[PDB]
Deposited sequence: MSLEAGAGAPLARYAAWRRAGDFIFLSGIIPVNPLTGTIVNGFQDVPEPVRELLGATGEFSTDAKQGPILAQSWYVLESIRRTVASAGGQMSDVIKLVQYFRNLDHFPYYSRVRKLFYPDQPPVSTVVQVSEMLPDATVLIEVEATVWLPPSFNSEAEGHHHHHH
């Protein structure tokens, strides 16, 4: 399948998951140090163990969208629609803090659902599908 595809003035992205190394993002360790403090890493062992994977995965998904979108000539505010899949909606507050770092001005249109699982296995906690309006 195609990372993104252009159709008229719209760009459709595939659903994107937190993978790089072939690994699945699973904690702060997987992300650049400046970003950690930016996601809210506290330095406390137990707090970072819990919040870390969701924060890291959410960042990785959102940054991959930003890169994929740019590599087609757009910026984050060209994204009209987000469809967001979770294994656990109680993770939403964590996702929402990260999404704030990518949409500081006008937020995209949003669909948010809890599903069972996504590819390639159950450790994926978040998948985002993006739609871009860029003539």
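inquiry  = Without any C-alpha position in the structure, which residue ranges of the deposited sequence would you list, numbering from 1?
reply    = Residues lacking C-alpha coordinates: 1 to 13, 34 to 35, 151 to 165.
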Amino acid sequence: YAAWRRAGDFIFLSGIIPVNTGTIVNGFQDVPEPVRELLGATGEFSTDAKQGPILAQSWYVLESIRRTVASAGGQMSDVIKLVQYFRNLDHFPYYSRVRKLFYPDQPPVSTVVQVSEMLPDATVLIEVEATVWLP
From here on, numbers count along this sequence of modelled residues.
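Per the entry, higher mean C-alpha B factor between 54 to 62 and 68 to 76:
If you average the C-alpha B-factors of 68 to 76 and of 54 to 62, the larger mean comes out for 68 to 76.
Stretch with the greater mean C-alpha B-factor as recorded in the entry, comparing 100 to 108 against 43 to 51: Per the PDB entry, the higher value belongs to 100 to 108.
Subject >> Among 116, 14, 123, 21 - the residue whose C-alpha B-factor is largest in the record >> reply: Most elevated C-alpha B-factor of the set, per the entry: 21.
Subject >> Record-listed C-alpha B factor of residue 93: chain third >> reply: According to the entry, residue 93 has a C-alpha B-factor in the chain's lowest third.
So where's residue 132 on the chain's Cα temperature factor ranking, which third? It falls in the middle third of the chain.
Exercise. Which third of the chain does residue 84 land in by C-alpha B-factor: lowest, middle or highest?
Worked result: Answer is lowest: the recorded C-alpha B-factor places it there.
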